[PDB]
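Just so it is clear, the values below take in all heavy atoms, side chains as well, and ignore hydrogens, waters and symmetry mates. Counting begins at 1 with the first residue of the sequence.
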Amino acid sequence: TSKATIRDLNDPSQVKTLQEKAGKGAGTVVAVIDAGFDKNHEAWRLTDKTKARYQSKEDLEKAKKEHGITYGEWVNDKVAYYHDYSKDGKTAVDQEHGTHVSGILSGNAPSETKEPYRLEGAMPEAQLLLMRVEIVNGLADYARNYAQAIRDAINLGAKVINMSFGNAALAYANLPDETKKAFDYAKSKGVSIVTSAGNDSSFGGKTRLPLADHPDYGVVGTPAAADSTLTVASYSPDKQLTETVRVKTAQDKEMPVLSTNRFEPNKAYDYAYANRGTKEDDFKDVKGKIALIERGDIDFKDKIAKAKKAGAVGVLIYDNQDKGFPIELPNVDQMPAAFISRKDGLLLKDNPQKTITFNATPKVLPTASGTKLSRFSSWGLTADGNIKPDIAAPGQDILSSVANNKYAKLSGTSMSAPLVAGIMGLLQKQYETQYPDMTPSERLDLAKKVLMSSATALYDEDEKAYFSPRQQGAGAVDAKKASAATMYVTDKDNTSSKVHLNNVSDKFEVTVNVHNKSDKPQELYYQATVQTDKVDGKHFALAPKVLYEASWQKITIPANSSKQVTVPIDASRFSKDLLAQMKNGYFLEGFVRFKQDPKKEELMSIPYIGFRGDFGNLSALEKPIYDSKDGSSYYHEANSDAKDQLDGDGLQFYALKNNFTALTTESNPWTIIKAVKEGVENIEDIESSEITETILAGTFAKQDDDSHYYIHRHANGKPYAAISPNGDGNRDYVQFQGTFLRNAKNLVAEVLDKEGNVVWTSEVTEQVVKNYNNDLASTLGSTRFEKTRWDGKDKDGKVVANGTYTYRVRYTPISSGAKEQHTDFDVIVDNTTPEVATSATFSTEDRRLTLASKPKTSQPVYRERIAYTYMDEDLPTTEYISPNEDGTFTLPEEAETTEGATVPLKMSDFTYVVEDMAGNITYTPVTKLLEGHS
Ligand SMILES: [Ca+2]
Ligand code: NA
């Protein structure tokens, strides 16, 4: 018959209450800017097209003509306009994400749908403008393209623009000027722009906690960092519509599942516990059953693959966290795989009857998380220190429209944003009747303030404190409270419903202006929470710590007026213990919460954030790896048995290892140097078995090579960085590699001669983004800055004199007024070629080679060796002999191949190779030394 909608069962943000007041979007236009869409999805329909702004393609083309828009097309009655702003892209168009976002905003699935419940988004009777943008030619081009989409959406009549995309940590200041002006244009026209906060958690990413020493751990980027947009974080309500399983316990019992691929509904499956699935013995009894597997130790896909190997028909993976979130499991060759909570997995593990049934229709059940901010949701602050996100909305396991007329659950701030966008659109409609004498810009400003003020500050029940405003903004959107609101709260300058205090001492004041738009005076009680970061050892826990709550005050605000209040804060008695945990300073933040009576529910809340310290001047760069006491850094674990081991790149394709602050250089072995100087064109895997390797400056192999490099240091503890700028590719240069804890600007390298002169300056790297993860899917843990490469030459192109120089790297934080920072390395330049024996004698009896003289080098000797190069399956293969203690070398008679065959060695196979610590090198055939007699 007529199917219920999802919202009929499950409306965590109370959208129905606002729809009762303001409608469902008929006659309104909204826009979605995303990566691609299924433009034909069944969810794209209007109940009554006669009420639409655009009743035909001709209506659309008329509006296109009035604004000089000569591109884009009408699609159907719902999708009034589509344009692809990134058609020069070579990659295939991804349709899932944009369709899913658009469905939350404006899906209107028919009752003929195959799904059990109709997807009905927040503004299901609005028309859509669908604008595709994707990164093709860099981020500035990308922002110019979505700036045009914004401008076109405004001029085609969109009242709301949803942008569920972003690039982490980027500064607003670095956006193209035309992108900044597009945001301002939307604001000036009363068009709301809603942005997703991002799914990057904090510095370090969703698998890591940031270090307590480094409080500027925000990763919100652009477009979200634009102040005029409304930026949306993700949380889980304490209940959610979910697919379920049924089990008989020690009575029936229903449990939430999140399934990848499809179990057979209404089928009783047997299941068997397989521990964490880390060995084959784990799966000894899963054949023909579902494998119950605890999260941990290994990847999900590995657990699932091994269960499939053992004959399992499906997989249940249960969390190793208490109060966790469902995680969408990977699709491994269509294997049914469902994620369940720890409590439910432990229940099944010890359950007598190991049988389980999957239900075909979903139902609302409590979440394992309770009311809790999503672990993936991006934290503020922005790069220049502004407060983002602004607000939170449900973004866990949201069911919406995807490609090919299908539906699926996705999690992300991308899902939270379009729900807020639809609430914004409907509240703007309400205000067209409620405040008709306001301009569109005034109504938009009011709507943003009311949404943020009326948003409910979410409370962390585990920590007994409100989640940080740098995680939840002004709280969880509530369309019922928003629609009912006749008041709102702002900072003292009336610019936004949040208070940014910048740097504070232990005593400060939180000032709020309380705005009353009703015709009657109103009395409110208000109380400030005072809170900071919880710390576990050396890490932020990414959880709140309450310090205290101020005493309740009250105020009466006259009708159609505003009144300022001030809450004094004094955290002085906490400072000793807080500095012990957060030695470079810490946030002092919280919410001013307003009620009609202290015993009633929260009516409004406004977040405030200050930083007890000097935020702008926090170190932007992680200290060089060389200075680490234990050899570890944020993204690099030391070898516990050899803290000075520090290997180079090897033959790795991706640079996932050894991400830290350091200088790079290159090791070029003598066989490659020789081949290049002889003009050999095809070297690798052909002329030599040795490799050119990018390594860390100041590292050196042992003479008997164990395949590792080790830091060497001057007696003063600085790394022994040294270069030989003679153009052979062996240690010719140094180049800065940085793990940036904070964004920075105007990064430049220069060389001081330690006599008072700058002798060389690099080109400037204008924009530096913090290394907020160490993952190919986002960013690596360190960045190599090619512009800083120093070839040992001065500003006139002349190699500097042999000596020690300061290689200085300068960079400035983004924060207003921050001082320039710098990090210095001593670098030795020495181009003296080793002076070595030109003759030798050879004793056949004991096979000892005696050199006529010993090496004389400017820098200390690095290696003095005899190489032998022998054929191994058509490849000249080089191994090395170290000197005897009497200075001779014992030459072997044969070598052994990898496959085990004996290869006789000839005198012509041996080469004498001497190298110093700057990379200066000589290589002489042993046969030439033996001929060095008259
Ligand atoms: Ca060199
Ligand atoms: Na609020």
Answer with yes or no whether the side chains of [Y] and [X] bring together a donor and an acceptor at under 3.5 Å.
| X | Y | value |
| --- | --- | --- |
| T511 | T566 | yes |
| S164 | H97 | no |
| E328 | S411 | no |
| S106 | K78 | yes |
| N494 | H515 | yes |
| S234 | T413 | no |
| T17 | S483 | no |
| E115 | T113 | no |

State whether the side chain of [X] and the backbone N or O of [Y] hold a donor-acceptor pair below 3.5 Å, judged by distance alone.
| X | Y | answer |
| --- | --- | --- |
| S496 | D491 | no |
| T28 | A126 | no |
| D344 | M255 | no |

Item to complete: Kindly indicate whether the side chain of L524, heavy atoms from C-beta on, has any atom under 4.5 Å from the side chain of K554.
Response: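 No, side chains not in contact.
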
Closest approach of [X] to [Y] (non-hydrogen atoms, all atoms of both residues):
| X | Y | answer |
| --- | --- | --- |
| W552 | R593 | CZ3-O, 3.9 Å |
| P366 | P256 | O-CG, 3.8 Å |
| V420 | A393 | CG2-CB, 3.6 Å |

- Could you tell me the separation between the CZ atom of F508 and the CG atom of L588, rounded to the nearest 0.5 Å?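 Reported to 0.5 Å precision, the distance equals 5.0 Å.
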
message = Please evaluate residues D397 and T242 with respect to the criterion side chain to side chain contact (heavy atoms under 4.5 Å, CB included), reporting the C-alpha separation (whole Å), side-chain torsions for both, the decisive distance (0.1 Å), and the verdict.
response = CA-CA 8 Å; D397 313 296; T242 178; over 6 Å; no

**With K24, the side chain to side chain contact (heavy atoms under 4.5 Å, CB included) member among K16, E120, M123** =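 Result: among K16, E120, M123, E120 is the only option passing the side chain to side chain contact (heavy atoms under 4.5 Å, CB included) with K24.
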
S192 and its side chain to side chain contact (heavy atoms under 4.5 Å, CB included) partner, picked from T229, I161, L444, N162 |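 Of the listed options, the one satisfying the test is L444.
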
Start with the C-alpha gap between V79 and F37, add the side-chain angles, then the distance that decides, and say whether side chain to side chain contact (heavy atoms under 4.5 Å, CB included) holds. CA-CA 11 Å; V79 182; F37 313 86; over 6 Å; no

**OP:** Applying side chain to side chain contact (heavy atoms under 4.5 Å, CB included), run through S201 and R375 and close with a yes or a no.
**Re:** CA-CA 6 Å; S201 314; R375 179 68 176 92; 3.5 Å; yes

* Looking at the rings of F325 and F376, which for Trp means the six-membered one, are their centres under 6.0 Å apart? ->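 No, ring centres 6.0 Å or more apart.
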
